[PDB]
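Working notes, structure below.
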Amino acid sequence: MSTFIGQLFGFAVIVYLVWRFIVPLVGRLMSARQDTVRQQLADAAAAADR
Amino acid sequence: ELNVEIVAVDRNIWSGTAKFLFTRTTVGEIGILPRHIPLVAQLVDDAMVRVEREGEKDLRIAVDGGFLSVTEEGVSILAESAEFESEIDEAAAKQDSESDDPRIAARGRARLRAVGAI
Amino acid sequence: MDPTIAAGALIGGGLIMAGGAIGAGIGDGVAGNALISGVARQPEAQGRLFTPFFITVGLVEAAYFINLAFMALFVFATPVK
Amino acid sequence: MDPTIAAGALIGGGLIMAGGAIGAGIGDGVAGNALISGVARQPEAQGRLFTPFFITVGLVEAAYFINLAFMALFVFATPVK
Amino acid sequence: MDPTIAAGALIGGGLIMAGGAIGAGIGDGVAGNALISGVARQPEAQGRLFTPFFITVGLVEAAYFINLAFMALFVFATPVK
Amino acid sequence: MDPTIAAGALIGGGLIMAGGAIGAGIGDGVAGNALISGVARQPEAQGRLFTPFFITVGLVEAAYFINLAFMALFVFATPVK
Amino acid sequence: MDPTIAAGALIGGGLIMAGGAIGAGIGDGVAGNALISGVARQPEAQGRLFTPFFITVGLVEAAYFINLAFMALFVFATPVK
Amino acid sequence: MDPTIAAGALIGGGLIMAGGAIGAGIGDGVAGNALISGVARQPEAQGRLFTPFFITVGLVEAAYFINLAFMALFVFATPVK
Amino acid sequence: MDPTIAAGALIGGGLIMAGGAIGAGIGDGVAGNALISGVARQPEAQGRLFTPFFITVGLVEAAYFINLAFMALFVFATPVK
Amino acid sequence: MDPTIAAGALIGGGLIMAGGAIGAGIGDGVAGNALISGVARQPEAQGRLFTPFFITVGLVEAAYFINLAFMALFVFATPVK
Amino acid sequence: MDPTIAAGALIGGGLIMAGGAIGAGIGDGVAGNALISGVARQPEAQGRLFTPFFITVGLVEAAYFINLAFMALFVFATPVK
Amino acid sequence: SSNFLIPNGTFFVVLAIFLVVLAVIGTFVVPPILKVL
Amino acid sequence: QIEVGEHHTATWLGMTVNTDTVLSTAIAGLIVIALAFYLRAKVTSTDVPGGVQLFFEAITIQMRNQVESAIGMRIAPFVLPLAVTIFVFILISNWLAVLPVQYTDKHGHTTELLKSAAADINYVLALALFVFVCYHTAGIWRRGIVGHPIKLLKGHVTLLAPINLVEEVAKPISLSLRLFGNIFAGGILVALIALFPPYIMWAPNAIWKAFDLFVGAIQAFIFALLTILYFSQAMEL
Ligand SMILES: COc1nc2ccc(Br)cc2cc1[C@@H](c1ccccc1)[C@@](O)(CCN(C)C)c1cccc2ccccc12
Ligand SMILES: COc1nc2ccc(Br)cc2cc1[C@@H](c1ccccc1)[C@@](O)(CCN(C)C)c1cccc2ccccc12
Ligand SMILES: COc1nc2ccc(Br)cc2cc1[C@@H](c1ccccc1)[C@@](O)(CCN(C)C)c1cccc2ccccc12
Ligand SMILES: COc1nc2ccc(Br)cc2cc1[C@@H](c1ccccc1)[C@@](O)(CCN(C)C)c1cccc2ccccc12
Ligand SMILES: COc1nc2ccc(Br)cc2cc1[C@@H](c1ccccc1)[C@@](O)(CCN(C)C)c1cccc2ccccc12
Ligand SMILES: COc1nc2ccc(Br)cc2cc1[C@@H](c1ccccc1)[C@@](O)(CCN(C)C)c1cccc2ccccc12
Ligand SMILES: COc1nc2ccc(Br)cc2cc1[C@@H](c1ccccc1)[C@@](O)(CCN(C)C)c1cccc2ccccc12
């Protein structure tokens, strides 16, 4: 039952690598898209009341 | 950054500083960044030059009869005619694209690329 | 008597598959080089470039599978029993 | 009888993997050459170019991985015995 | 006496088909690269670009088929008594 | 018994590593050719050019890695009794 | 005794035909690439482009044929009686 | 026992070194082709074209070195004894 | 004792002719590619492009012929009497 | 004992020299292609072009020489006897 | 047991000359491609394009000759007996 | 050691499962997303 | 040492069905269904969308651009759900293989509680043959029961009619073995990497896992792109 521990260390380093490199950029991307559509709805309401 | 000089047969259309100039030569689309090998090319009939600056928003100029020249100095675009994005009325730019005269249809298509359509 | 023939059939099928792989991989790579370049220069051409592409590929892959078939003939239905 | 058949299976599988690796590596190199050249020409065409690039990569590595499957068949579940 | 000759025949047919497949695949890839590039740069050329393209292919495929022919002769009508 | 299988395993592992080295070396060479030509054309796109490059090379190296693995399987953990 | 010479003759003829096929296929592909691209650039030049092409092909195929010739000499009239 | 294993090890090491040298030679050739072209077009760019070049070469030689290692492992420390 | 050396000479001659055919075919294809492209770009240059061409070919074919020579020396005048 | 190892060492040295010659010949060909093209483009860059060239060649030739070295080690100082 | 060494020497010499022919043929082809293209682009450069060419070829042929030399040492003065 | 390139009855089970998911998405994801766009 | 894909199995209807590759494809199906329902309860065209909605939006826009460029969303509104479900299904099924589920042995060697589903010929054959029948029947409905076979046999060059036939036989085979062989490869690697000792087993395992994530994403994308292309080739004219 020692391959379990080795694979678990492998899984730990791979999840550390993803949480370090990948999740920041994808978070930034989805946040940029979120704020873009937010601004779109906001100026839609603005043009309506205008 | 690179120095853009778009000049026409009788006037200087635009001149300034940019970080990316996208256009389309007769061999395909091209994008010039600050440092770029010297190049001479001919733009397509219905050519649109999109200029990108740091703080501003993309200029978008319909060019008719253009020639692109990249050097150490920067980008220089010769034109017979040019029309900025916020000077085109899409109605005449659309019903001219349907014309049977080749160069006037090309001019209409360039203006249509510049307004946003097609 | 038969084990030598089995080894020969396995090595021959391996050679057939290796040749097919080299040919198909490199030919598809060259054709796709042409396609990617054509689509990078002119995007709207993508569609009208799939017609030559999938002709060329259609030939290239053909070779591979033809060889694949013959590899099976060597390994499963050995032409000498 | 079995040792020579096993040697033949190992050599045939080695040939299959060698041919597949050559074809896949060189074909992927040529396809990526087209991709890098097209992005160098216009640095804002990546997303547009990832469709033909991955079609070509799909075909190339299709050849590679079919060879990989048949090599595994040779060396793990040897057809002749 | 026959086991060795049959093993040699299978290996020779495998070599024949491997070479034929490499040549055919890569030659079709190169010819089709030319075809796709010509259709990309000069679209209207499409039709006329099919008169050289097939000539080339007609040569390339020729080689493959001939190899195929002899591969058959090697494994089905082995030339050694 | 075992000596025949050991010779076959060493020859198959040699074939696997030879194919893998040829594929990886020439594929990395072609992709790096693209990289050097692109950095010569547009020196300010070098960063933008490492996203295609390291994809291409990545895929290429994937193949190499698999070959390496299987070579070990042939040489250290021979898949035949 | 003759079985071993016959196995050698068949493997040698397979090698000769494989090499001839690789050479012919890839050389015809490259020459035809030049031909198709030249016909695409200058559409009217096809007639003037067949005298260099058929020279190139003329040499390439020549090699193939010679190999074919000698392959026969190996499998039908084995140079070692 | 030992003689045929050592012969297989020598043939496998030869295959490993052959593949490694083919891959390294042709990969270095292609990368250096790109470098010489980029310096012939822009001499002052020789300084900035050595960083992609030496990346490419760095990968290419890596394959070579790895193969070298395994060659030793086959001829000096034969893994099956 | 003669059958072993005879089979070895047949396989070696096959290898020599195969290598010569691959080399000559692909080299003549590349040189002819250059020739067809030069003629297609400016046709009046034809007569002046045959002195480089036939130099290049003159070298390539030389290799082929020399190989052919030694192939004969392997099968007809086997250096091990 | 001795004869099988001697034959294996001879075949392995042959493979090493064949791989070295293929790699070196084609790599020198590609590097010299770049050199000739650059001298034709800019005739007064000859000297400036010989520093990248002789780097590339210096790598390519290195591989050849190293292979040469081991070829000797295979046929003159056979590792396993 | 001497015939085994003779057959190994013949196969090794065949491998050496085959690799040498492949390398020399394709290297001369690529270098001559560059030479023909440079002469076609501007003919007045011919006299100045033969210093690079004969350097390139001067290396390529070198490899061939070296292989040729060693092939003799394998078939006429076998290094191990 | 068995030939693993020979299909089992599993071929159907997996099919069914896919033939369920294709429905769910085909009904509950693509129409709403297309409507939102 | 390493042993290849034996399967825990049982007979369900006189047909030997594998326990694994039915458990794993079921987990993949339930995960895709859970994501689908979570989107059904949180899809907002009024205010800013969450994460799952953005994910499915990206997938749907990409596949719809593909269908529009290839054949046209006016002629083929079903290719879009087909492509989306193929992508998401294969992607989830291949990404489930990243989990630390290897657990050495009860006795002897490596073992996993979940084999990846695409490492089985039944899974990939089901997907490929479903796509095959679907795009062939779409070609029939678009062109006729008598026009679609003759169009498959004609192709773009009628004289190449045999080669074209080979193409039609090679489309499913390829689609199914590019993915089998690929994911199958992964399996073997994590099994042979488990022959290393523990202190030097984490590094190759992490490298292979980190690149197999990208490989699984690319394989799902290739399957979906090629499905769309095959639909556009079978429904042309
Ligand atoms: C383009 O097709 C050709 N052109 C030729 C040109 C010249 C000569 Br002389 C022979 C040619 C032969 C053919 C084919 C053919 C068609 C019909 C019968 C026999 C041969 C072919 O050889 C193509 C192989 N290629 C694609 C690798 C083939 C061989 C074997 C099995 C095939 C199965 C299906 C389709 C084609 C099959
Ligand atoms: C272009 O064709 C040639 N050009 C040559 C040029 C120089 C020399 Br010296 C020999 C040449 C020989 C030929 C053919 C030929 C024509 C007639 C008789 C004998 C040989 C050929 O060898 C070409 C094979 N190619 C195409 C792969 C051939 C051989 C065998 C079967 C063939 C079947 C079909 C077609 C060609 C067939
Ligand atoms: C151009 O032809 C050459 N150029 C050379 C250049 C340098 C040297 Br040093 C040797 C050269 C030799 C030859 C030919 C030749 C002609 C006659 C006798 C001997 C050699 C050749 O070897 C060409 C083989 N090629 C085409 C693959 C050949 C051999 C055998 C049969 C042939 C049949 C037909 C035509 C050529 C035939
Ligand atoms: C670029 O490096 C990679 N990229 C990959 C991409 C995908 C996959 Br899935 C596997 C990849 C694996 C690697 C390396 C690696 C690094 C660490 C451990 C294992 C493997 C590599 O395999 C590269 C070999 N190439 C360059 C010929 C390697 C193997 C063996 C010895 C090496 C010695 C030195 C350097 C690299 C060495
Ligand atoms: C250009 O020729 C060379 N350049 C070299 C450059 C460097 C070195 Br270090 C050795 C070189 C050797 C030679 C030739 C040569 C000329 C004379 C004697 C010995 C060697 C050659 O090896 C060329 C082989 N090529 C063409 C495949 C050759 C060998 C054998 C028979 C030949 C027959 C005819 C012509 C050339 C013949
Ligand atoms: C550029 O050189 C390298 N770059 C690498 C890059 C990555 C890796 Br991971 C390994 C690399 C290894 C090397 C060399 C090296 C230097 C020192 C010790 C060991 C290896 C080399 O392997 C180059 C082989 N090439 C040229 C075919 C070499 C081997 C054997 C003998 C040599 C003699 C002279 C020169 C280089 C020699
Ligand atoms: C360009 O020359 C080199 N550059 C190198 C660069 C790096 C390294 Br680390 C080794 C290098 C070695 C050499 C030569 C050399 C010169 C002297 C002694 C040993 C080796 C060479 O190996 C070139 C082989 N090429 C051309 C295929 C050679 C070998 C054998 C016989 C030759 C006969 C004539 C000419 C060169 C001969």
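Residue numbering restarts at 1 in every chain; chains get A, B, ... in the order shown in the structure tokens, and ligands count up from 1 in that same order.
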
With all Cα atoms paired residue by residue, do a least-squares superposition of chain E on chain D and hand back the transformed coordinates as an mmCIF file with N, CA and C atoms, in the first residue's frame.
data_model
loop_
_atom_site.group_PDB
_atom_site.id
_atom_site.type_symbol
_atom_site.label_atom_id
_atom_site.label_comp_id
_atom_site.auth_asym_id
_atom_site.auth_seq_id
_atom_site.Cartn_x
_atom_site.Cartn_y
_atom_site.Cartn_z
ATOM 1 N N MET E 1 9.747 -22.975 -29.510
ATOM 2 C CA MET E 1 8.696 -22.624 -30.455
ATOM 3 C C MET E 1 8.193 -21.225 -30.133
ATOM 4 N N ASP E 2 7.958 -20.996 -28.845
ATOM 5 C CA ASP E 2 7.547 -19.712 -28.292
ATOM 6 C C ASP E 2 8.683 -18.695 -28.183
ATOM 7 N N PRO E 3 9.923 -19.084 -27.857
ATOM 8 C CA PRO E 3 10.995 -18.071 -27.847
ATOM 9 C C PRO E 3 11.132 -17.320 -29.159
ATOM 10 N N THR E 4 11.110 -18.032 -30.286
ATOM 11 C CA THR E 4 11.246 -17.376 -31.582
ATOM 12 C C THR E 4 10.048 -16.485 -31.880
ATOM 13 N N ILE E 5 8.839 -16.963 -31.582
ATOM 14 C CA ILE E 5 7.644 -16.166 -31.835
ATOM 15 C C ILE E 5 7.646 -14.914 -30.972
ATOM 16 N N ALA E 6 8.118 -15.031 -29.731
ATOM 17 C CA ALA E 6 8.143 -13.878 -28.837
ATOM 18 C C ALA E 6 9.206 -12.875 -29.260
ATOM 19 N N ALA E 7 10.366 -13.358 -29.713
ATOM 20 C CA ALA E 7 11.371 -12.453 -30.256
ATOM 21 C C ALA E 7 10.840 -11.718 -31.480
ATOM 22 N N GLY E 8 10.174 -12.439 -32.383
ATOM 23 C CA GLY E 8 9.589 -11.791 -33.542
ATOM 24 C C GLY E 8 8.517 -10.791 -33.165
ATOM 25 N N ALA E 9 7.742 -11.097 -32.123
ATOM 26 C CA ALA E 9 6.717 -10.172 -31.655
ATOM 27 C C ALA E 9 7.337 -8.907 -31.084
ATOM 28 N N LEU E 10 8.424 -9.048 -30.326
ATOM 29 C CA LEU E 10 9.095 -7.877 -29.775
ATOM 30 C C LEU E 10 9.697 -7.018 -30.878
ATOM 31 N N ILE E 11 10.309 -7.644 -31.885
ATOM 32 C CA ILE E 11 10.884 -6.867 -32.980
ATOM 33 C C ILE E 11 9.789 -6.193 -33.799
ATOM 34 N N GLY E 12 8.668 -6.878 -34.018
ATOM 35 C CA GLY E 12 7.575 -6.265 -34.753
ATOM 36 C C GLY E 12 6.939 -5.109 -34.006
ATOM 37 N N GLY E 13 6.764 -5.253 -32.692
ATOM 38 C CA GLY E 13 6.263 -4.143 -31.901
ATOM 39 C C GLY E 13 7.230 -2.978 -31.868
ATOM 40 N N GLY E 14 8.530 -3.269 -31.819
ATOM 41 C CA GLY E 14 9.514 -2.209 -31.908
ATOM 42 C C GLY E 14 9.447 -1.467 -33.227
ATOM 43 N N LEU E 15 9.289 -2.199 -34.330
ATOM 44 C CA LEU E 15 9.155 -1.548 -35.631
ATOM 45 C C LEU E 15 7.892 -0.706 -35.693
ATOM 46 N N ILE E 16 6.782 -1.240 -35.185
ATOM 47 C CA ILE E 16 5.523 -0.501 -35.171
ATOM 48 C C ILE E 16 5.683 0.809 -34.412
ATOM 49 N N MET E 17 6.275 0.750 -33.217
ATOM 50 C CA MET E 17 6.414 1.953 -32.404
ATOM 51 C C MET E 17 7.433 2.917 -32.993
ATOM 52 N N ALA E 18 8.498 2.403 -33.610
ATOM 53 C CA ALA E 18 9.463 3.271 -34.271
ATOM 54 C C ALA E 18 8.813 4.049 -35.402
ATOM 55 N N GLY E 19 8.074 3.355 -36.266
ATOM 56 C CA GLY E 19 7.391 4.040 -37.347
ATOM 57 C C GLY E 19 6.368 5.034 -36.843
ATOM 58 N N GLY E 20 5.579 4.634 -35.846
ATOM 59 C CA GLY E 20 4.608 5.547 -35.278
ATOM 60 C C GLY E 20 5.247 6.791 -34.700
ATOM 61 N N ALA E 21 6.378 6.633 -34.013
ATOM 62 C CA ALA E 21 7.038 7.779 -33.403
ATOM 63 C C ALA E 21 7.651 8.692 -34.450
ATOM 64 N N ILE E 22 8.276 8.128 -35.486
ATOM 65 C CA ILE E 22 8.801 8.962 -36.566
ATOM 66 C C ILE E 22 7.678 9.770 -37.198
ATOM 67 N N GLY E 23 6.606 9.089 -37.603
ATOM 68 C CA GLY E 23 5.498 9.783 -38.236
ATOM 69 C C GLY E 23 4.892 10.849 -37.348
ATOM 70 N N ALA E 24 4.593 10.498 -36.095
ATOM 71 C CA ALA E 24 3.965 11.444 -35.183
ATOM 72 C C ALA E 24 4.864 12.640 -34.919
ATOM 73 N N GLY E 25 6.125 12.393 -34.564
ATOM 74 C CA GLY E 25 7.029 13.489 -34.276
ATOM 75 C C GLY E 25 7.194 14.433 -35.446
ATOM 76 N N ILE E 26 7.461 13.892 -36.638
ATOM 77 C CA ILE E 26 7.730 14.781 -37.762
ATOM 78 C C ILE E 26 6.457 15.468 -38.244
ATOM 79 N N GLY E 27 5.306 14.797 -38.183
ATOM 80 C CA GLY E 27 4.069 15.453 -38.571
ATOM 81 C C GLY E 27 3.670 16.560 -37.615
ATOM 82 N N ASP E 28 3.845 16.333 -36.311
ATOM 83 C CA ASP E 28 3.599 17.394 -35.343
ATOM 84 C C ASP E 28 4.586 18.533 -35.520
ATOM 85 N N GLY E 29 5.839 18.218 -35.842
ATOM 86 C CA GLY E 29 6.805 19.267 -36.108
ATOM 87 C C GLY E 29 6.409 20.135 -37.283
ATOM 88 N N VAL E 30 5.964 19.513 -38.375
ATOM 89 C CA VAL E 30 5.598 20.280 -39.563
ATOM 90 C C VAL E 30 4.337 21.106 -39.313
ATOM 91 N N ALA E 31 3.324 20.504 -38.686
ATOM 92 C CA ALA E 31 2.104 21.241 -38.381
ATOM 93 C C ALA E 31 2.386 22.406 -37.440
ATOM 94 N N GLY E 32 3.165 22.168 -36.386
ATOM 95 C CA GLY E 32 3.519 23.242 -35.483
ATOM 96 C C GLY E 32 4.394 24.300 -36.113
ATOM 97 N N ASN E 33 5.235 23.920 -37.072
ATOM 98 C CA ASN E 33 5.959 24.912 -37.855
ATOM 99 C C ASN E 33 4.987 25.855 -38.542
ATOM 100 N N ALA E 34 3.961 25.291 -39.182
ATOM 101 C CA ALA E 34 2.939 26.125 -39.808
ATOM 102 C C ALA E 34 2.247 27.017 -38.788
ATOM 103 N N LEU E 35 1.947 26.473 -37.608
ATOM 104 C CA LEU E 35 1.251 27.254 -36.587
ATOM 105 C C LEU E 35 2.105 28.418 -36.097
ATOM 106 N N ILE E 36 3.372 28.157 -35.769
ATOM 107 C CA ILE E 36 4.254 29.215 -35.284
ATOM 108 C C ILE E 36 4.463 30.271 -36.355
ATOM 109 N N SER E 37 4.616 29.857 -37.614
ATOM 110 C CA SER E 37 4.813 30.840 -38.672
ATOM 111 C C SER E 37 3.566 31.690 -38.883
ATOM 112 N N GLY E 38 2.383 31.086 -38.788
ATOM 113 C CA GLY E 38 1.164 31.860 -38.934
ATOM 114 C C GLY E 38 0.935 32.809 -37.777
ATOM 115 N N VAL E 39 1.287 32.388 -36.562
ATOM 116 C CA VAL E 39 1.162 33.277 -35.412
ATOM 117 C C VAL E 39 2.186 34.400 -35.494
ATOM 118 N N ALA E 40 3.361 34.129 -36.060
ATOM 119 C CA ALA E 40 4.372 35.166 -36.212
ATOM 120 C C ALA E 40 3.940 36.205 -37.237
ATOM 121 N N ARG E 41 3.583 35.758 -38.441
ATOM 122 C CA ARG E 41 3.232 36.700 -39.496
ATOM 123 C C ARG E 41 1.917 37.408 -39.193
ATOM 124 N N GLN E 42 0.893 36.656 -38.789
ATOM 125 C CA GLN E 42 -0.426 37.201 -38.465
ATOM 126 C C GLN E 42 -0.744 36.897 -37.008
ATOM 127 N N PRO E 43 -0.387 37.786 -36.079
ATOM 128 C CA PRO E 43 -0.609 37.477 -34.652
ATOM 129 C C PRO E 43 -2.066 37.234 -34.291
ATOM 130 N N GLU E 44 -2.962 38.147 -34.670
ATOM 131 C CA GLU E 44 -4.373 38.016 -34.320
ATOM 132 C C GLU E 44 -4.976 36.701 -34.792
ATOM 133 N N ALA E 45 -4.378 36.066 -35.801
ATOM 134 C CA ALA E 45 -4.871 34.798 -36.316
ATOM 135 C C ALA E 45 -4.798 33.671 -35.299
ATOM 136 N N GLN E 46 -4.086 33.873 -34.185
ATOM 137 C CA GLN E 46 -3.764 32.798 -33.253
ATOM 138 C C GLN E 46 -4.943 31.867 -33.006
ATOM 139 N N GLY E 47 -6.032 32.411 -32.464
ATOM 140 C CA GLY E 47 -7.175 31.579 -32.129
ATOM 141 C C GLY E 47 -7.664 30.755 -33.299
ATOM 142 N N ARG E 48 -7.904 31.405 -34.439
ATOM 143 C CA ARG E 48 -8.442 30.662 -35.570
ATOM 144 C C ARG E 48 -7.425 29.671 -36.114
ATOM 145 N N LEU E 49 -6.129 29.957 -35.962
ATOM 146 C CA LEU E 49 -5.129 29.001 -36.414
ATOM 147 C C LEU E 49 -5.153 27.716 -35.614
ATOM 148 N N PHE E 50 -5.939 27.653 -34.548
ATOM 149 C CA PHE E 50 -6.052 26.416 -33.803
ATOM 150 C C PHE E 50 -7.125 25.489 -34.359
ATOM 151 N N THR E 51 -7.976 25.954 -35.282
ATOM 152 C CA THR E 51 -8.918 24.982 -35.832
ATOM 153 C C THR E 51 -8.293 24.080 -36.899
ATOM 154 N N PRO E 52 -7.373 24.550 -37.785
ATOM 155 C CA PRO E 52 -6.710 23.589 -38.672
ATOM 156 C C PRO E 52 -5.632 22.804 -37.944
ATOM 157 N N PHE E 53 -4.857 23.499 -37.105
ATOM 158 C CA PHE E 53 -3.711 22.885 -36.441
ATOM 159 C C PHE E 53 -4.086 21.601 -35.726
ATOM 160 N N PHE E 54 -5.231 21.587 -35.053
ATOM 161 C CA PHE E 54 -5.596 20.386 -34.320
ATOM 162 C C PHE E 54 -6.142 19.320 -35.250
ATOM 163 N N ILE E 55 -6.887 19.725 -36.283
ATOM 164 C CA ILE E 55 -7.346 18.770 -37.287
ATOM 165 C C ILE E 55 -6.171 17.937 -37.770
ATOM 166 N N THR E 56 -5.157 18.615 -38.311
ATOM 167 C CA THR E 56 -3.922 17.954 -38.706
ATOM 168 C C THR E 56 -3.388 17.067 -37.594
ATOM 169 N N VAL E 57 -3.213 17.630 -36.396
ATOM 170 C CA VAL E 57 -2.672 16.836 -35.301
ATOM 171 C C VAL E 57 -3.601 15.675 -34.990
ATOM 172 N N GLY E 58 -4.910 15.922 -35.022
ATOM 173 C CA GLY E 58 -5.851 14.855 -34.756
ATOM 174 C C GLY E 58 -5.701 13.701 -35.720
ATOM 175 N N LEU E 59 -5.265 13.983 -36.944
ATOM 176 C CA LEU E 59 -4.953 12.902 -37.865
ATOM 177 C C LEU E 59 -3.639 12.241 -37.481
ATOM 178 N N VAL E 60 -2.588 13.047 -37.316
ATOM 179 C CA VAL E 60 -1.251 12.514 -37.066
ATOM 180 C C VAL E 60 -1.263 11.620 -35.834
ATOM 181 N N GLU E 61 -1.654 12.187 -34.690
ATOM 182 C CA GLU E 61 -1.732 11.415 -33.457
ATOM 183 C C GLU E 61 -2.533 10.141 -33.650
ATOM 184 N N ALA E 62 -3.626 10.220 -34.415
ATOM 185 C CA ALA E 62 -4.432 9.038 -34.684
ATOM 186 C C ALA E 62 -3.546 7.876 -35.095
ATOM 187 N N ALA E 63 -2.759 8.076 -36.155
ATOM 188 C CA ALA E 63 -1.857 7.038 -36.633
ATOM 189 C C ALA E 63 -1.033 6.476 -35.489
ATOM 190 N N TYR E 64 -0.334 7.358 -34.768
ATOM 191 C CA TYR E 64 0.488 6.915 -33.650
ATOM 192 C C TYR E 64 -0.306 5.995 -32.740
ATOM 193 N N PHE E 65 -1.466 6.465 -32.273
ATOM 194 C CA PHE E 65 -2.223 5.680 -31.310
ATOM 195 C C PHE E 65 -2.556 4.313 -31.873
ATOM 196 N N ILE E 66 -2.994 4.261 -33.130
ATOM 197 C CA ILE E 66 -3.366 2.976 -33.708
ATOM 198 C C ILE E 66 -2.174 2.035 -33.681
ATOM 199 N N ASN E 67 -1.007 2.528 -34.103
ATOM 200 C CA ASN E 67 0.203 1.726 -33.999
ATOM 201 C C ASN E 67 0.403 1.253 -32.574
ATOM 202 N N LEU E 68 0.339 2.188 -31.624
ATOM 203 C CA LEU E 68 0.427 1.832 -30.215
ATOM 204 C C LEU E 68 -0.501 0.671 -29.903
ATOM 205 N N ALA E 69 -1.774 0.802 -30.286
ATOM 206 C CA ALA E 69 -2.738 -0.266 -30.063
ATOM 207 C C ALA E 69 -2.174 -1.596 -30.527
ATOM 208 N N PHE E 70 -1.797 -1.669 -31.804
ATOM 209 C CA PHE E 70 -1.339 -2.939 -32.345
ATOM 210 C C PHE E 70 -0.040 -3.382 -31.702
ATOM 211 N N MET E 71 0.829 -2.439 -31.334
ATOM 212 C CA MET E 71 2.037 -2.826 -30.618
ATOM 213 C C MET E 71 1.677 -3.610 -29.370
ATOM 214 N N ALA E 72 0.685 -3.121 -28.619
ATOM 215 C CA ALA E 72 0.180 -3.868 -27.475
ATOM 216 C C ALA E 72 -0.231 -5.269 -27.894
ATOM 217 N N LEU E 73 -1.080 -5.361 -28.919
ATOM 218 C CA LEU E 73 -1.527 -6.661 -29.399
ATOM 219 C C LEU E 73 -0.354 -7.562 -29.751
ATOM 220 N N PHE E 74 0.765 -6.982 -30.181
ATOM 221 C CA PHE E 74 1.893 -7.809 -30.573
ATOM 222 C C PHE E 74 2.630 -8.381 -29.372
ATOM 223 N N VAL E 75 2.692 -7.650 -28.262
ATOM 224 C CA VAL E 75 3.527 -8.059 -27.140
ATOM 225 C C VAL E 75 2.726 -8.567 -25.950
ATOM 226 N N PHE E 76 1.442 -8.235 -25.850
ATOM 227 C CA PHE E 76 0.618 -8.663 -24.728
ATOM 228 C C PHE E 76 -0.412 -9.713 -25.097
ATOM 229 N N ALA E 77 -0.895 -9.704 -26.333
ATOM 230 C CA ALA E 77 -1.885 -10.653 -26.825
ATOM 231 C C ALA E 77 -1.477 -11.170 -28.194
ATOM 232 N N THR E 78 -0.216 -11.609 -28.310
ATOM 233 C CA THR E 78 0.417 -12.016 -29.563
ATOM 234 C C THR E 78 -0.528 -12.840 -30.429
ATOM 235 N N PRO E 79 -0.794 -12.401 -31.664
ATOM 236 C CA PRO E 79 -1.843 -13.040 -32.471
ATOM 237 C C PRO E 79 -1.515 -14.449 -32.926
ATOM 238 N N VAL E 80 -0.319 -14.956 -32.659
ATOM 239 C CA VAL E 80 0.064 -16.295 -33.089
ATOM 240 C C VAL E 80 -0.092 -17.258 -31.920
ATOM 241 N N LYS E 81 -0.881 -18.309 -32.124
ATOM 242 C CA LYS E 81 -1.077 -19.335 -31.106
ATOM 243 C C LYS E 81 0.228 -20.069 -30.809
#

Write out as a ChimeraX atom specification each polymer residue whose atoms come within 8 Å of stretch 37-43 of chain A, counting only C-alpha atoms; drop sequence neighbours fewer than 5 positions from it.
-> /M:46-48

Tell me which protein, DNA and RNA residues are within 9 Å of residue M:235, counting only C-alpha atoms, leaving out same-chain ones fewer than 2 positions away, and put them as a PyMOL selection string.
-> chain M and resi 71+75-76+135-136+138-143+148+230-233+237

Using only C-alpha atoms, which residues of chain A come within 6 Å of chain M, and what is the closest atom pair for each, with the distance in Å to one decimal? Give it as a tab-separated table, sorted by chain and residue number.
residue	atom	partner	partner_atom	distance
A:1	CA	M:104	CA	5.7
A:3	CA	M:104	CA	5.4
A:4	CA	M:103	CA	4.8
A:6	CA	M:198	CA	4.9
A:7	CA	M:202	CA	5.9
A:8	CA	M:100	CA	5.7
A:9	CA	M:202	CA	5.9
A:10	CA	M:202	CA	4.4
A:14	CA	M:206	CA	5.8
A:34	CA	M:48	CA	6.0
A:38	CA	M:48	CA	5.5
